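What follows is one structure encoded as structure tokens, with my remarks underneath.
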Amino acid sequence: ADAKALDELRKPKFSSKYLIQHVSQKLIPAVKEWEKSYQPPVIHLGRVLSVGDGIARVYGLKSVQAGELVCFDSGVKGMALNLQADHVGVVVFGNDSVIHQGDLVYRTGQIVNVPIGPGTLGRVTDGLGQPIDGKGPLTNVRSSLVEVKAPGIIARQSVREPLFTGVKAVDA
Amino acid sequence: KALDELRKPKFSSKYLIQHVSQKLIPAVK
Amino acid sequence: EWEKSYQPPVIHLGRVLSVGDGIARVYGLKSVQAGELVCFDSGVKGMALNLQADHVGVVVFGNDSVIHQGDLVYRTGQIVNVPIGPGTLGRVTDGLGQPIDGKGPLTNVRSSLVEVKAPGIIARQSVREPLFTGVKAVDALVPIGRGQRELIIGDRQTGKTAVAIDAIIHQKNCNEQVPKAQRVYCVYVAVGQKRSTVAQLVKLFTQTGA
Amino acid sequence: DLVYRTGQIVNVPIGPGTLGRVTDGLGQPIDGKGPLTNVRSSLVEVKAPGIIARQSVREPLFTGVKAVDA
Amino acid sequence: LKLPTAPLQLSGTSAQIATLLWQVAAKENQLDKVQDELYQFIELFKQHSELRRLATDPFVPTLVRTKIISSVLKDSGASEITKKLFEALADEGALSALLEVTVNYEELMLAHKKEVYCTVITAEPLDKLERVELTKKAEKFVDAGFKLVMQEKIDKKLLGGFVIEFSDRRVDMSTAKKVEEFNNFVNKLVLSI
Amino acid sequence: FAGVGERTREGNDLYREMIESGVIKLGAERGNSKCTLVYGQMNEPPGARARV
Amino acid sequence: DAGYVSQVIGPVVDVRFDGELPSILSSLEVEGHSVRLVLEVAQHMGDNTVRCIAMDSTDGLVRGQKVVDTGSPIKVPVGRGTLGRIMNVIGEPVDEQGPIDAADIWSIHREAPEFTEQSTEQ
Amino acid sequence: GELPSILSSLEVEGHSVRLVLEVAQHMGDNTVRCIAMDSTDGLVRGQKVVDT
Ligand SMILES: Nc1ncnc2c1ncn2[C@@H]1O[C@H](COP(=O)(O)OP(=O)(O)OP(=O)(O)O)[C@@H](O)[C@H]1O
Ligand SMILES: [Mg+2]
């Protein structure tokens with residue numbers, strides 16, 4: 001049961017060929033009889049194995065990063081959180097009722113980011129960066145990651161300036 | 001390298017040996 | 001007499017499947033006993049603790065960072081035993097009977113198993129003769145007999161070790177004025193203590209004479 | 001072991017033959033007075049009657065206890 | 001319902017399948033007829049990326065997989081045990097268990113010839129009277145009439161003798177271990193005597 | 001000093017307060033320092049705080 | 001030679017090697033990553049896979065990223081060159097003052113001092 | 001053939017009452033996981049279920 005004879009099986013030891021030349025010319029006419037039931041194979045895209053309660057288990061997606069924004073074919077975004085050996089566990093940025101088994105998942109290339117800048121000053125935003133106040137999209141703004149590491153020891157200095165709160169119990 | 005995908009099997013149906021034994025004992029003539 | 005009756009014994013092997021956190025899952029070791037010492041390739045000992053249908057779960061007597069996947073595990077054929085006898089007196093041993101005091105190997109000892117069955121009903125006798133701890137609260141109010149199990153229970157830093165060490169030192173003091181038969185020989189087991197704490201105790205025991 | 005299905009959801013004998021009989025939790029009698037005779041089987045898991053099927057409680061069930069019935 | 005006893009007991013869910021396969025192949029006297037079929041299907045998974053797709057891709061339905069496996073083996077000159085096994089493994093997507101059913105079937109088969117694979121470490125290249133006397137002592141470390149498939153190997157850090165590595169047990173009858181157990185024997189008597 | 005999983009602000013406070021008090025010196029007189037700082041503070045992942 | 005990333009769940013990375021697995025507590029470097037990511041081998045998973053803990057964030061890791069073995073645990077600079085310096089968990093200078101010029105880099109993993117070399121004075 | 005959406009309602013054919021299922025999860029292997037609006041006592045594992 002150990003891996004040494006299991007690697008010895010990679011060397012051919014068949015000693016007879018009365019099935020190999022029979023079914024190799026019988027395989028491809030059998031597979032072509034079911035090619036409308038086959039879904040096309042997937043390597044760098046993704047395909048939903050299982051979806052439920054806001055989690056999609058995605059087959060494929062070979063070159064996704066951990067914590068990376070993905071986008072399902074129904075438009076709803078995702079986030080590749082735990083990259084397991086046979087599937088990717090994707091949390092769904094929205095309602096997961098528009099995701100089916102066999103839906104294509106697209107890797108977006110970006111770790112999750114929000115629009116930052118002076119254009120956000122005054123807007124009502126959702127948790128992902130889209131404005132929800134009904135005043136159009138975000139202008140004069142740029143995209144920045146949400147997983148910036150905090151500034152270290154040499155970057156900081158001592159806290160001196162007050163920033164009063166106006167509550168005299170607090171400020172006293 | 002083509003058989004690296006099959007070097008450990010992963011399946012459902014914990015009672016797999018029952019479904020194999022309900023097919024193999026009628027293969028005996 | 002040794003060479004005329006000498007066959008080299010067949011030693012059953014075992015392959016480490018997985019190792020981590022001081023636990024080695026070992027394939028094989030097909031005839032191993034539960035609680036039996038095994039030996040690894042790196043010289044570190046083990047104990048076959050739970051025997052499963054596919055592997056053996058082995059607890060590692062030491063640091064498991066020297067064990068790898070595929071390392072050979074030899075069984076020793078014997079349950080875990082320690083050297084017992086009068087040569088263990090005066091000696092600082094570790095949890096497996098091996099000395100750690102730097103005073104050479106253990107002379108005048110013999111091996112015996114660590115897990116012996118407790119003596120039964122007819123093996124017992126009524127506990128009548130006293131064991132004096134030298135602590136007058138214990139000797140007056142909460143007295144001890146020879147053959148008794150007395151729990152020293154309390155919070156931290158309240159004097160449990162002080163009562164135990166006073167009992168040992170008083171057994172040394174009583175051992176000088178009694179004959180050979182009614183002499184008490186003490187064993188102190190230090191489970192999970194700091195290693196500098198148990199050098200203070202051997203300093204105090206070599207200073208008092210205990 | 002061989003497990004046979006009975007073809008029926010879990011049922012107990014109901015009817016006027018159950019009166020006077022001691023029973024276990026499955027329907028078979030344990031008082032030693034033979035099987036249940038004037039009886040028929042019905043399901044133990046019945047949905048309760050709905051809203052139209054009920055009416056307000058009008059009639060008194062006297063416990064016979066003075067502290068209860070007062 | 002009376003099945004012949006397997007030569008050795010084995011593990012679960014991929015070794016008991018091979019145990020059952022051996023048990024129903026020994027009833028039809030059909031062991032070496034299905035062993036090469038196992039190897040042939042291993043070569044078939046080596047050949048086509050569309051036949052090992054049935055073992056690894058989880059998006060093919062079990063109907064499509066069973067209909068490929070059944071309509072590819074239309075008696076195929078082959079044993080009916082192999083055909084009733086692979087449509088059973090195709091009904092669960094357990095076709096990846098073939099490459100370990102073959103390992104456990106190899107173990108049962110080379111246990112069926114009482115043959116025993118081992119390697120022998122010696123200090124010197126053997127003579128052909130030294131070899132046939134080594135098998136006279138190596139056979140007593142097997143508790144059956146198993147005629148072994150002994151190979152040879154040389155490492156002269158042994159001081160003469162032999163070390164039989166049976167792939168699950170070692171017998172170190174080398175002199176270099178005897179002179180170490182000699183030294184460990186006389187170093188403990190002089191501490192007591 | 002081993003700052004194991006603490007605030008980075010007080011690590012900067014200790015570093016500054018030992019720059020002024022002369023425990024840590026900078027530049028060419030670095031060898032006249034008497035303190036080595038090793039820092040594994042709260043923003044680090046749990047592997048970097050377990051081994052610092 | 002090297003291994004590849006098999007599984008990333010949080011701060012725990014499973015690295016698969018094809019022969020010659022690293023020891024437990026060994027240090028592994030991940031190349032192709034933006035920052036220097038050091039993984040320390042926590043345990044052997046069993047099918048030629050090790051399970052590791054990361055010294056920095058695992059955001060960005062790809063299943064199949066090349067992981068090279070150092071053959072040793074996490075080694076850090078020690079000596080007079082570290083006086084007046086701020087170090088990382090893996091011995092990098094984070095005070096932004098040059099490199100750390102200390103000789104004889106030591107492993108962070110060793111066993112405890114044994115029983116005979118214990119001082120008793122107070 | 002083809003899987004219903006999540007929250008889509010199904011109906012089981014041949015039950016003693018009108019048994020409406022509501023799809024809660026896609027479990028993979030062409031299987032949905034539903035939540036019945038009535039009792040499931042009397043359901044057999046071959047019963048035809050119509051996607052609404
Ligand atoms: N009878 C006593 N008179 C004076 N001091 C005492 C007495 N007993 C104990 N102490 C002091 O109390 C302290 C704790 O004692 P001890 O170690 O025996 O308690 P402990 O419960 O074993 O502590 P820990 O749980 O930390 O091991 C010691 O420093 C000792 O000096
Ligand atoms: Mg104590």
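Cβ coordinates were reconstructed from backbone atoms using ideal geometry, including for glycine residues, and neighbour counts include every protein chain displayed. What follows is calculated from the coordinates using simple rules that are stated; it is not laboratory data.
Quick check on this structure: which one of E:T66, E:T102, E:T82 is in contact with a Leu (Cβ under 7 Å, 6 or more places away or on another chain) and in contact (Cβ under 8 Å) with a residue 12 or more places away in the chain?
None of the others qualify; the one that does is E:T102.
Confirm whether C:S126 is among the hydroxyl-bearing types (S, T, Y) and within 16 Å of ligand 1 (Cβ to nearest atom). Walk me through it before giving the result.
Working: among the hydroxyl-bearing types (S, T, Y): yes; within 16 Å of ligand 1 (Cβ to nearest atom): no.
Here the answer is no, as C:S126 does not meet what is asked.
Would you say C:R110 is over 16 Å from the mean Cα position of the chain (by Cα) and either away from chain G (no Cβ under 14 Å) or within 16 Å of ligand 1 (Cβ to nearest atom) (or both)?
It is false that C:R110 is over 16 Å from the mean Cα position of the chain (by Cα) and either away from chain G (no Cβ under 14 Å) or within 16 Å of ligand 1 (Cβ to nearest atom) (or both).
Looking at the structure I just gave you, is A:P29 out of contact with any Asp or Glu (no Cβ under 7 Å at 6 or more places or on another chain), part of a loop (DSSP other than H, G, I, E, B) and more than 7 Å from every other protein chain (Cβ to nearest Cβ)?
Considered against the rule, which asks whether it is out of contact with any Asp or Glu (no Cβ under 7 Å at 6 or more places or on another chain), part of a loop (DSSP other than H, G, I, E, B) and more than 7 Å from every other protein chain (Cβ to nearest Cβ), A:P29 comes out as no.
Give the residue that is farthest from E:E124 (Cα to Cα), with candidates limited to residues of region E:134-174 that are in contact (Cβ under 8 Å) with a residue 40 or more places away in the chain and not in a strand (DSSP E or B).
The extreme case among them is E:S167.
Just one of the numbered conditions (1) surrounded by 10 or more Cβ atoms within 10 Å (Cβ to Cβ); (2) under 27 Å from H:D38 (Cβ atoms) is not true of D:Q8; which one?
Unmet for D:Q8, out of (1) surrounded by 10 or more Cβ atoms within 10 Å (Cβ to Cβ); (2) under 27 Å from H:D38 (Cβ atoms): (1).
Which members of region E:69-79 meet the condition of being farther than 21 Å from E:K27 by Cα and either aliphatic (A, V, I, L, M) or touching a residue at least 60 places away in the same chain (Cβ under 8 Å) (or both)?
Of everything in region E:69-79, those that are farther than 21 Å from E:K27 by Cα and either aliphatic (A, V, I, L, M) or touching a residue at least 60 places away in the same chain (Cβ under 8 Å) (or both) turn out to be E:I69, E:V72, E:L73.
Any chance region F:2-22 includes a residue that's assigned to a helix (DSSP H, G or I), facing chain G (nearest Cβ under 7 Å), over 13 Å from the mean Cα position of the chain (by Cα) and more than 14 Å from G:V89 (Cα to Cα)?
no
In this structure, is A:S143 under 30 Å from F:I19 (Cα atoms) and either part of a loop (DSSP other than H, G, I, E, B) or not charged (D, E, K, R) (or both)?
The answer is no for A:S143.
Out of all the residues in region A:73-95, which are outside any loop (DSSP other than H, G, I, E, B) and out of contact with any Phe, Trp or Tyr (no Cβ under 9 Å at 6 or more places or on another chain)?
Within region A:73-95, the subset outside any loop (DSSP other than H, G, I, E, B) is A:77-83, A:88-93.
Listed by number, the residues that qualify are A:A80, A:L81, A:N82, A:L83, A:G89, A:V91, A:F93.
Restricting the search to region C:189-198, which residues are within 12 Å of ligand 1 (Cβ to nearest atom) and either away from every other protein chain (no Cβ under 14 Å) or touching a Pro at 6+ places or on another chain (Cβ under 7 Å) (or both)?
Once the filter is applied, which keeps residues that are within 12 Å of ligand 1 (Cβ to nearest atom) and either away from every other protein chain (no Cβ under 14 Å) or touching a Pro at 6+ places or on another chain (Cβ under 7 Å) (or both), region C:189-198 yields only C:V191.
Quick check on my filter: what residues within region E:113-133 are farther than 23 Å from E:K177 by Cβ and in a helix (DSSP H, G or I)?
Correct list: E:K128, E:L129, E:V132.
Can you confirm whether region C:154-168 contains a residue that is under 29 Å from C:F61 (Cα atoms) and exposed (fewer than 14 other Cβ atoms within 10 Å of the Cβ)?
Checked against the condition, which is being under 29 Å from C:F61 (Cα atoms) and exposed (fewer than 14 other Cβ atoms within 10 Å of the Cβ), region C:154-168 yields at least one hit.
When residues of region C:130-184 are filtered for being within 12 Å of ligand 1 (Cβ to nearest atom), free of Cβ contacts under 8 Å to residues at least 12 places away in the same chain and either part of a helix (DSSP H, G or I) or not β-branched (V, I, T) (or both), how many remain?
Qualifying residue count for the region: 10.
How about region G:82-99: which of its residues are among the β-branched types (V, I, T) and under 19 Å from F:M18 (Cα atoms)?
If the condition is that a residue be among the β-branched types (V, I, T) and under 19 Å from F:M18 (Cα atoms), then G:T82, G:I86, G:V94 are the ones that fit.
Checking the condition closer than 18 Å to C:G209 by Cβ and of a type in the set (A, V, I, L, M, F, W, C), which residue from C:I168, C:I121, C:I152 passes? I'd like the intermediate steps shown before the answer.
Numbers: C:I121 fails: closer than 18 Å to C:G209 by Cβ; C:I152 fails: closer than 18 Å to C:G209 by Cβ.
From the options C:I168, C:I121, C:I152, the qualifying one is C:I168.
Checking the condition within 16 Å of ligand 2 (Cβ to nearest atom) and of a type in the set (A, V, I, L, M), which residue from C:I144, C:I165, C:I121 passes? I'd like the intermediate steps shown before the answer.
Numbers: C:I144 fails: within 16 Å of ligand 2 (Cβ to nearest atom); C:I121 fails: within 16 Å of ligand 2 (Cβ to nearest atom).
Of C:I144, C:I165, C:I121, the one residue that is within 16 Å of ligand 2 (Cβ to nearest atom) and of a type in the set (A, V, I, L, M) is C:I165.
State whether the residues of region C:90-101 include one that is within 16 Å of ligand 1 (Cβ to nearest atom), assigned to a loop (DSSP other than H, G, I, E, B) and not polar (S, T, N, Q).
Applying the first criterion (within 16 Å of ligand 1 (Cβ to nearest atom)) to region C:90-101 yields none.
No: zero hits.
Conditions tested, residue by residue: (1) at positive phi; (2) more than 14 Å from chain H (Cβ to nearest Cβ); (3) exposed (fewer than 14 other Cβ atoms within 10 Å of the Cβ).
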{"residue": "A:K13", "(1), (2), (3)": "no, yes, no"}
{"residue": "A:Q25", "(1), (2), (3)": "no, yes, yes"}
{"residue": "A:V58", "(1), (2), (3)": "no, no, no"}
{"residue": "A:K62", "(1), (2), (3)": "no, yes, no"}
{"residue": "A:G78", "(1), (2), (3)": "no, yes, no"}
{"residue": "A:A85", "(1), (2), (3)": "no, yes, yes"}
{"residue": "A:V91", "(1), (2), (3)": "no, yes, no"}
{"residue": "A:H100", "(1), (2), (3)": "no, no, no"}
{"residue": "A:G109", "(1), (2), (3)": "yes, yes, yes"}
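With region C:27-71 as the region, which strands (runs of 3 or more DSSP E) entirely inside it contain at least 1 residues that are out of contact with any helix residue (DSSP H, G or I) (no Cβ under 7 Å at 6 or more places or on another chain), in contact (Cβ under 8 Å) with a residue 12 or more places away in the chain and within 14 Å of chain G (Cβ to nearest Cβ)?
Values: elements: C:36-39, C:45-51, C:55-61.
Strands (runs of 3 or more DSSP E) meeting the threshold: C:55-61.
So which residues in region H:28-44 are within 14 Å of chain A (Cβ to nearest Cβ) and in a strand (DSSP E or B), if there are any at all?
Result: H:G28, H:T31, H:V32, H:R33, H:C34, H:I35.
Taking region C:168-185 on its own, how many of its residues are under 19 Å from the mean Cα position of the chain (by Cα) and within 16 Å of ligand 2 (Cβ to nearest atom)?
1
Here is a check on your reading of the model: is C:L151 loosely packed, with under 10 Cβ neighbours inside 10 Å and either within 14 Å of chain G (Cβ to nearest Cβ) or within 16 Å of ligand 2 (Cβ to nearest atom) (or both)?
Working: loosely packed, with under 10 Cβ neighbours inside 10 Å: yes; either within 14 Å of chain G (Cβ to nearest Cβ) or within 16 Å of ligand 2 (Cβ to nearest atom) (or both): yes.
In short, yes.
Can you report the number of residues in region G:54-70 which are within 16 Å of the chain's Cα centre (by Cα), in a loop (DSSP other than H, G, I, E, B) and of a type outside the set (V, I, T)?
3
Is it the case that A:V70 is assigned to a strand (DSSP E or B), closer than 16 Å to H:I6 by Cα and either more than 9 Å from every other protein chain (Cβ to nearest Cβ) or in contact with a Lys or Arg (Cβ under 9 Å, 6 or more places away or on another chain) (or both)?
no
Report whether or not C:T206 is away from ligand 2 (no atom under 16 Å from the Cβ) and β-branched (V, I, T).
Yes: the conditions hold for C:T206.
For (1) in a loop (DSSP other than H, G, I, E, B); (2) at the interface with another protein chain (Cβ under 7 Å from one of its Cβ atoms); (3) surrounded by fewer than 18 Cβ atoms within 10 Å (Cβ to Cβ), each residue gets a yes or a no:
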{"residue": "G:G46", "(1), (2), (3)": "yes, yes, yes"}
{"residue": "G:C52", "(1), (2), (3)": "no, no, no"}
{"residue": "G:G84", "(1), (2), (3)": "yes, yes, no"}
{"residue": "G:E96", "(1), (2), (3)": "yes, yes, yes"}
{"residue": "G:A102", "(1), (2), (3)": "yes, no, no"}
{"residue": "G:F115", "(1), (2), (3)": "yes, yes, yes"}
{"residue": "G:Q122", "(1), (2), (3)": "yes, no, yes"}
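Suppose we keep only residues that are hydrophobic (A, V, I, L, M, F, W, C) and crowded, with 21+ Cβ neighbours inside 10 Å within region C:38-58. Which one would you say is nearest to C:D71 (Cα to Cα)? Outline the logic, then answer.
Step one: filter region C:38-58 for residues hydrophobic (A, V, I, L, M, F, W, C), giving C:38-40, C:44, C:47-49, C:51, C:53, C:56, C:58.
Now restrict to residues that are crowded, with 21+ Cβ neighbours inside 10 Å: C:38, C:40, C:48, C:56, C:58.
Details: C:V38: 13, C:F40: 7, C:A48: 16, C:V56: 14, C:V58: 13 Å.
Among those that are hydrophobic (A, V, I, L, M, F, W, C) and crowded, with 21+ Cβ neighbours inside 10 Å, it is C:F40.
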